[PDB]
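J.: First the structure, then my questions, so here it is.
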Amino acid sequence: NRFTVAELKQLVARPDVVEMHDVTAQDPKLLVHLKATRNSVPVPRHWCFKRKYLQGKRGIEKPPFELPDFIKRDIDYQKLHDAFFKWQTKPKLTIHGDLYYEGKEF
Amino acid sequence: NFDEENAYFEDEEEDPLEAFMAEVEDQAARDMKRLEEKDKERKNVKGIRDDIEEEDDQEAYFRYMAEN
Amino acid sequence: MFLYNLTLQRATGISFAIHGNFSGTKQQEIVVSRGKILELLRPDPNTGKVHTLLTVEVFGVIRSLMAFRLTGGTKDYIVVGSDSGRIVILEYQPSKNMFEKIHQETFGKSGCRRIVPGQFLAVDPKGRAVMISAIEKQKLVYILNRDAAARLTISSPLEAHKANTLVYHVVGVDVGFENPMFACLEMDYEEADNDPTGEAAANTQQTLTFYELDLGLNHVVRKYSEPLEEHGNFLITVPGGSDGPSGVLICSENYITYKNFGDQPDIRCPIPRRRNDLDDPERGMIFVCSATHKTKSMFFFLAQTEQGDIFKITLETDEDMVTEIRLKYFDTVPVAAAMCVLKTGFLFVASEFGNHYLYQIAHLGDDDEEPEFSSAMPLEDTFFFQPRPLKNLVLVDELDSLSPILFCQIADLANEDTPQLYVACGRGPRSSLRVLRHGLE
Amino acid sequence: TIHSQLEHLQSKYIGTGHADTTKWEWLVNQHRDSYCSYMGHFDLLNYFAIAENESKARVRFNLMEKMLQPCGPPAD
Amino acid sequence: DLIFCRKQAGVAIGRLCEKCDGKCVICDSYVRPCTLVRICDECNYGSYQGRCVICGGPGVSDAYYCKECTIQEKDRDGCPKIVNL
Amino acid sequence: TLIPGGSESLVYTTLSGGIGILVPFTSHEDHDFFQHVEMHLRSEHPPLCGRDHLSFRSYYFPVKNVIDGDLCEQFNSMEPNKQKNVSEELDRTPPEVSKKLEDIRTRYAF
Amino acid sequence: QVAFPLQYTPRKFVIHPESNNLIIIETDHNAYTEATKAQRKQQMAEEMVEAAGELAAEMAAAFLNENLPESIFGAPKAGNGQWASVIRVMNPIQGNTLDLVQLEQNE
Amino acid sequence: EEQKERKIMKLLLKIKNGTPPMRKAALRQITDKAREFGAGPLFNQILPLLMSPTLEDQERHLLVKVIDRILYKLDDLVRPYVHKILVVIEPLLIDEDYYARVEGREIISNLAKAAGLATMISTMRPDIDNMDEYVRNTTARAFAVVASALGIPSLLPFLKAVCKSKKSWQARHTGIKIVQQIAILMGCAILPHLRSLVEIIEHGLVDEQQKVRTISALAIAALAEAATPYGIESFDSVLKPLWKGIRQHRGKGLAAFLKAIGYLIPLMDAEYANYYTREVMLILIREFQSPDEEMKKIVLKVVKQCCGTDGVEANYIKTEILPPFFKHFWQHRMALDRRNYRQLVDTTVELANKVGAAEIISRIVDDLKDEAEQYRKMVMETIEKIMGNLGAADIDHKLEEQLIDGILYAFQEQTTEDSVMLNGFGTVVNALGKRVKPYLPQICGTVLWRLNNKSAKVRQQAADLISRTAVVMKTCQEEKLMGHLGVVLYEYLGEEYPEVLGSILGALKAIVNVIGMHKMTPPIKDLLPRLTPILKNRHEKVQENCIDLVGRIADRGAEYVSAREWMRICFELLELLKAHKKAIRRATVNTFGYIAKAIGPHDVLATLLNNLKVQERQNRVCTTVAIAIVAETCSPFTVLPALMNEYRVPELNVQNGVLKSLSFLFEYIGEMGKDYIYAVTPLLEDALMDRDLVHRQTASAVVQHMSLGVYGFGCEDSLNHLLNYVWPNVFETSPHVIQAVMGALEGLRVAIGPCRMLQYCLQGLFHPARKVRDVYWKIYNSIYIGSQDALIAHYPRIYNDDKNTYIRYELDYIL
Ligand SMILES: CC[C@H](O)[C@@H](C)[C@H]1O[C@@H]1C[C@@](C)(O)/C=C/C=C(\C)[C@H]1OC(=O)C[C@H](O)CC[C@@](C)(O)[C@@H](OC(=O)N2CCN(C3CCCCCC3)CC2)/C=C/[C@@H]1C
Ligand SMILES: [Zn+2]
Ligand SMILES: [Zn+2]
Ligand SMILES: [Zn+2]
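As they're listed, the protein sequences go chains A, B, C, D, E, F, G and H. Residue numbers for the first sequence, in the authors' numbering: 458 to 530, 565 to 597. Residue numbers for the second sequence, in the authors' numbering: 68 to 81, 114 to 167. Residue numbers for the third sequence, in the authors' numbering: 1 to 380, 383 to 443. Residue numbers are given in the authors' numbering: position 21 of the fourth sequence equals residue 26, and the series is strictly consecutive. Residue numbers are given in the authors' numbering: position 73 of the fifth sequence equals residue 79, and the series is strictly consecutive. Residue numbers are given in the authors' numbering: position 50 of the sixth sequence equals residue 1157, and the series is strictly consecutive. Residue numbers for the seventh sequence, in the authors' numbering: 776 to 829, 834 to 886. Residue numbers are given in the authors' numbering: position 629 of the eighth sequence equals residue 1118, and the series is strictly consecutive.
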């Protein structure tokens, strides 16, 4: 008394958002409809994994911290303050729906 | 009941009412007899106290903890 | 990009209106609420002009506005319930021309919420208690007192919550220095959420519930609750004590009912209809607002329908019992959101849209030939009357109001150099196109 | 036990959900607080009363009447 | 058993002891006290009249919410007195 | 542009009959001064019915790059003691603050 | 401000670039058109004249003569899917209506 | 079975010594049980336990709640026992404990509501006529409680009947006492029934019995006190008898009538108030000469009450009232009389508040020089009260000279160190201000003589006087023997008594804080190295004053001592941020800010980072606080690069310290952080990608504090970017990590808005796995409880199915 993947793919307006477990929900039609809303980033993708969200591979061994360019170019007066606020740039930022996951650094 | 004035004042010491009392006594005796008889009481609930008749939030939380 | 906001012309639509002696003297003033602006007006009894004394931006949503006075005082206070989780009490200072905040009591989170009070506000007619209520289960009661310096003191709130309950309207009941009473139109929806057939949704009635505050025991109790015949909108406080009986008027669809707890039967009067009406016969008729005028000799009410017809309601009474409700056609004015009857014989009409009006009540008493309807009259079938031009009222003043603005164009369509504002505003047969120019005329 | 008390107080507030909440309960909750928000905000009611050509008291009464059973009666 | 009271708060002002004087009752911060704490009537009665809301010792000064808790409207819940069962 | 020889503004219209404008700042100094005026008036002159001013202008979305000039012009209606307490933090007298408030209004609107 | 009266709720207007005239559209719900009002009133008259009773005194001729002004007594709000719309050409200097096009009942 | 119900109603022990949950459970069940148990057994057992000789307060309060519940569950069955209950609880109404009285009144109120009025009257009427005066008082108080519970008009007929009783005067006395107790208990709520009560009690003022007249006057006074400032038409039939009585009576009854007059006068208009004052004033002037002291107290109260109204003007007062008042009341006999001493002071101050300060101040200032010191302290108290309430404006040359000479002579002629002379001297000099130029040499000589020796209890009082008067001491343009005083205060820096050292440090600080560091005699490079060892003293006053003094020195005289000593002093102050006292912490924060502003952020920041690396927990937390202080005083631009350079060390427990410092820094600077969010974003990225749990927990804390710090400033880009890294941690089982994640999410709900949060929750609200649903519904409930109203505009569209309608059609309208 539960849909199959191909049967539910025939009912929905957007079949490419249907997945393996989606037919096992209590209300798959509402689930697939919310998966197709014109926003609403998806789930963090590691809920079904078994490695506690930290992958022990990919060679994470790397430099500790690279300071920005503005970091390098009393200790410094209001002229070097002027320098730090003339050199200040906006860094790279990801938009609303770009979640991070273990792999997406390399 | 304390006031240095109250102590000062309370220190120097050395027909219609009857009719009203009689009427009150008759009414009171009738009411007492009716309650003792409990023969004709419909128990018409006057005012229901919602707080007295309804579990509080803390009581509900205790009940929930006991349940699980 | 950084922007600075400026207001050029404030809002002119009225939501609520109260009247009273807010300056402490014998003259009467009106406090009106815009959406987010509070405003004090004073109509001149010599010329009939309405002057604006004070206007303040409150930066919130005003949802309920009441006036009350303590016993022995000569000045009225203002109770405001808003979209914050606070009840506020204000006092007008005539010498400083500003509103002074007297009390602030916080009870919940901000915003127009389902279960946080602030939508309904009732006050005891003697001024010793105030009730703030939400549309859902939560209700709170504050006791108001006075110290030896004649300043107002407020107590901690008493709860009267009741789950799965909806409130239509709350009013305070006028008792003779007895325990304060509050009346509510309530509906329980618990049964309707459990029936999949949809039959518990129907067969569900409004109740008229009475809440008694026992100042000796300091708690609120449900005393009486009775199911009603059909669903009613707002309630009306009947003046009680030593001048009048102590009940409520329930305004409903096609009817108006008087009700009181005790041995008093229910009295119903159907609302009269206009003879040869051109409106759809399936539609009913409700009252939209009311105004009470109490006099040391008698009292009456003024209620207005959706068509804009004001009827004059009087009450035929006995030593304690009410026997008849009599209705008489009074006049026709635009549909109002609030009506205030002022001593010195003035009626203030704040319309839902468009200009507001101040009328002189020219004809006191009723020496006329037009019929007077009654609850004692038998009818199998409804009463009928003929609408006519103004007979009891005279128009004295008209306050301009741009609400609602629907379309605007700023353009130099004349051959001045300054542009004019062409504004399509208004609704129904009272709409208009207005040209606005900056300057004096 | 503070976290458990929070889990009991959050459940107490009307409109909150949990892992067994159905579509019907969610939707009637948002319909009900939508109607209350319409009753609260003065210019939304203005918009509706201009749109459907009714008095504001009539729109308020209609919303209160719709409050009882929004989205129809429940399942099974 | 560290649980807040969470009853309807009244006109009584919350108090803090000499050890808890600068603390916020909800988050235990010391920066920027902003809003005066109110407690219910059963927490302010008889022997409970003046007492620390955090621990229960003799109160010496007013309890406050921090600006961080005031911004999130955490001063809008019930009585914040710590009660043990 | 509303006045002859003035600057362009964004005029809006409301369902309650209100008319208002949003005008851009041209320098950082005016923006900073008006930001500090708004900050100090948010605390020492709070809304009358118990509302938080910053929370009201963030009703559905947080405010971004707008200064409420209807809160700022309430400075001219405070009492002289609080007007002095506010003005002495901006390193200024009340008449100078009043003149600065009137300048931006007369630059765009009436 | 100067005001010029309209018939229904105005929705939107445009400006003619050459003549500087205004083209306004007005529309209302629960509303009759002029023709529907006239024929509904004639219907009610002919039905009240045949009320089967002495047919000897005519309130119908008095009911048809004077129309109570809608700006004072309101427009008859009748129907749930009933509309009424109008297109108007107006001079903005004066208030005169240059042209008026009435549309059918439920448009 | 009988003890059946007893053994089961040991529920009251279930409650007495029981847990709160079972407390309320047994409460509810015994409430349901009451009607069937019966009032007989229930009361037979509870009234002994309430009569227990050593019951507690909370226990007694719980017993009251239980009685109220039984009264609710049994209304008309309590009648045959009412009498009994009363004999147990008619006491507790004259008890010296306030809460005992409240509990007794609540019990009697619930009993009167349970039973009827007729029953209460029938059980209470036999003790109306009793001869034992102890019973007639509890009876009147209980009748007042019953009137407050069931209403006044319900008892008005019984009252009207009982005080017309021709049978005995005791019944009339008790009825009038009932009216008086009703007034006392109900206050301003008697106003609608004022005239009824007044006409009920008014005929007693002319009785043949003297006890009835006295109690009637006391009841009139009580009603007038409850009514103020309203009600004078209701007191009209009493004006003639009261004044005729004060004209004919003499003694106790005269005192009662005068109390009534005094409570009635402030209710009148100017005419009546002015006319009535004259009459009662000639009578009161006659009564000034009375030996009785109760009479003196009543006369003083009436004088204060009448002289405070508008109908009485200063001319009549100074012409008729002041000579006899000052001739009869101002003698040291009044000073040793402790009972009326405060009354005399208050009456004199409130007289001066209307007639003018000059006359009062003169008439008593000639008396500042006196053989008795009690009479000296009295005059000083009155003078300084008047000076603080009105000032020294109309005080002139002769009066100024007399005041100064008197206060100087009173200061020297002092046996025990008292606060009276100290406060008098202080307020007199502070009110005179820049006017006392030569009495400044005089006062300096006096304080020099007092501070030179004599046991340091005179020296600490002199130091307090210096601390409170140095402002006016220097603002008069005089600095030299100011330095002479500072030299001596410096020499008095080694003291075994910490209380005197606190006052010495306070005086030194008040000096150096008010005189300029310029041109001042005692050198700073001498005071400060002598001052730094006192910072380790363990007395609170010494510590606070020393820290305040070092702070002032660092704020103004920073260029007089080397930076190395400043560094040592700040490193020593580091340990005072842990003080159990709030004033110590406040002063330490201030002084650290000053020292940091003085010596520069670079060296102190390097030292603070080194100290953060190597120490135990509490010292590292204090170092974090110190770093935040340095970054706030000297703009965070000067601290952030050096702190971010320390995160570059490839070693745990160093990066975690940097993260804790950043957390507290953003929490402490709040709004100032809007210019520094772009600089710390990559570091927070790195810390959120880390495997270490403390890294991610602290990064979440930083995100929360940063979010709540910038709100309304347009920093949503970086906060959304950081949310993209915070969100994957919602599936974390560790409690501390998930707590920090929830805090960060609720901060982003405010800074970023609820729409974004709902967009993050939508796809998980209905996930097939129960874990995802639990987590997402917790987050959603947190988003819903705050800002329920905004969510109305954010919900996504959901289409109708065959059974139900889900579209919100009103929002689709288009005008
Ligand atoms: C994470 C750090 C720890 O929680 C730590 C604070 C705490 O765990 C320790 C235990 C204990 C008892 O030693 C804590 C010490 C307390 C402190 C260092 C705080 O100092 C005080 O309490 C002093 C007093 O209560 C009030 C001083 C005051 C107002 O400066 C307070 O901080 C503030 O309110 N701020 C922060 C905001 N800051 C700006 C500056 C511009 C204008 C003022 C308001 C905005 C002003 C000063 C105290 C700060 C220390 C954290
Ligand atoms: Zn907090
Ligand atoms: Zn504590
Ligand atoms: Zn509590």
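All C-beta atoms, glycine included, are put in the ideal place defined by N, C-alpha and C.
In angstroms with no decimal places, state the Cα-to-Cα distance between H:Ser643 and E:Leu22.
T.: 46 Å
J.: Would you call the CB atoms of G:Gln881 and G:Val868 closer than 8 Å?
T.: A distance of 8 Å or more separates the beta carbons of G:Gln881 and G:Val868.
J.: With hydrogens ignored, establish whether the beta-carbon of C:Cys427 is closer than 7 Å to any heavy atom of ligand 4.
T.: C:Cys427 Cβ: outside cutoff for every heavy atom of ligand 4.
J.: When burial is assigned at 16 or more other CB atoms within 10 Å of the CB, is G:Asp803 buried or exposed?
T.: By the 10 Å Cβ count, G:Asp803 comes out buried.
J.: Please work out which residues of its chain come closer than 6 Å, Cβ to Cβ, to H:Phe532, disregarding the five sequence neighbours upstream and downstream, and give them in chain order.
T.: The answer, listed in chain order, is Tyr570.
J.: Which residues in chain B sit within 7 Å of D:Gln10, going by Cβ to Cβ distance?
T.: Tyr160, listed in chain order.
J.: By the 8 Å beta-carbon criterion, what residues does the stretch 1049-1077 of chain H contribute toward chain J?
T.: Annotation note: the requested chain J is absent from the structure, which comprises protein chains A, B, C, D, E, F, G and H.
J.: Would you tell me roughly how many angstroms separate the C-alpha atoms of G:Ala778 and C:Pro265, rounded to the nearest one?
T.: 53 Å
J.: Got a sec: which bits of the stretch 42-66 of chain C sit with their beta carbon under 8 Å from any beta carbon on chain E, in order along the chain?
T.: none
J.: Listed in chain order, which residues of the stretch 497-519 of chain H have Cβ atoms closer than 8 Å to some Cβ of chain F?
T.: none
J.: Using alpha carbons as the reference points, say which of H:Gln794, H:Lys786, H:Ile849 lies closest to H:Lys816.
T.: H:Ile849
J.: Of the choices A:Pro525, A:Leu491, A:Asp565, whose alpha-carbon is the least far from that of H:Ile1088?
T.: A:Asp565
J.: Thinking just about the alpha-carbon of each residue, which of A:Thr461, A:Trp504, A:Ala482 is nearest to the one in H:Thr1222?
T.: Distances from the CA of H:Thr1222 to each of A:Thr461, A:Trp504, A:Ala482 were compared; the closest alpha carbon is that of A:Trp504.
J.: Note down the Cα distance separating C:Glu306 from C:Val288, rounded to an integer number of angstroms.
T.: A straight-line Cα-Cα distance of about 6 Å links C:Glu306 and C:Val288.
J.: Only counting the same chain, and skipping five residues up and downstream in sequence, which positions put a Cβ closer than 6 Å to that of F:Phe1141?
T.: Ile1174
J.: Using a Cβ cut-off of 8 Å, pull out every chain H residue sitting near B:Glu71, in sequence order please.
T.: For B:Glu71, the chain H residues whose Cβ falls inside 8 Å of its Cβ are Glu783, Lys786, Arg828, in order along the chain.
J.: Quick check on B:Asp138 - is its C-beta less than 8 Å from some C-beta in chain E?
T.: No, B:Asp138 lies away from the interface with chain E (no Cβ there is under 8 Å from its Cβ).
J.: Is E:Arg57 helix, strand or coil by DSSP?
T.: coil
J.: Using three-state DSSP, classify G:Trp862 as helix, strand or coil.
T.: G:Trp862: strand per DSSP, three-state reduction.
J.: Residues around ligand 3, please: the ones whose beta-carbon is closer than 6 Å to some heavy atom of it, in chain order.
T.: E:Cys23, E:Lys25, E:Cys26, E:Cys58, E:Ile60, E:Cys61, E:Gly63
J.: Rounded to whole angstroms, what's the CA-CA distance from H:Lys843 to H:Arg827? Just pull it up for me.
T.: 26 Å
J.: Give the DSSP-derived three-state secondary structure of C:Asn145 in the structure shown.
T.: strand
J.: My output table needs one value for C:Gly20: the three-state DSSP class, helix, strand or coil.
T.: strand
J.: Taking the straight line between their C-alpha atoms, what separation do you get for H:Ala716 and H:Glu622?
T.: 28 Å
J.: Is F:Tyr1167 close to chain H? Criterion is C-beta to C-beta, closer than 8 Å.
T.: yes
J.: Identify the residues that DSSP records as bridge partners of G:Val868: which are they?
T.: G:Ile798, G:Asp878
J.: For the stretch 4-21 of chain C and the stretch 71-85 of chain C, state whether three or more C-beta atom pairs, one from each stretch, are separated by less than 8 Å.
T.: Taking a cut-off of 8 Å on C-beta distances, the stretch 4-21 of chain C touches the stretch 71-85 of chain C, as three or more cross pairs fall below it.
J.: Strictly under 8 Å for the Cβ-Cβ distance: is F:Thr1213 near chain C by that measure?
T.: no
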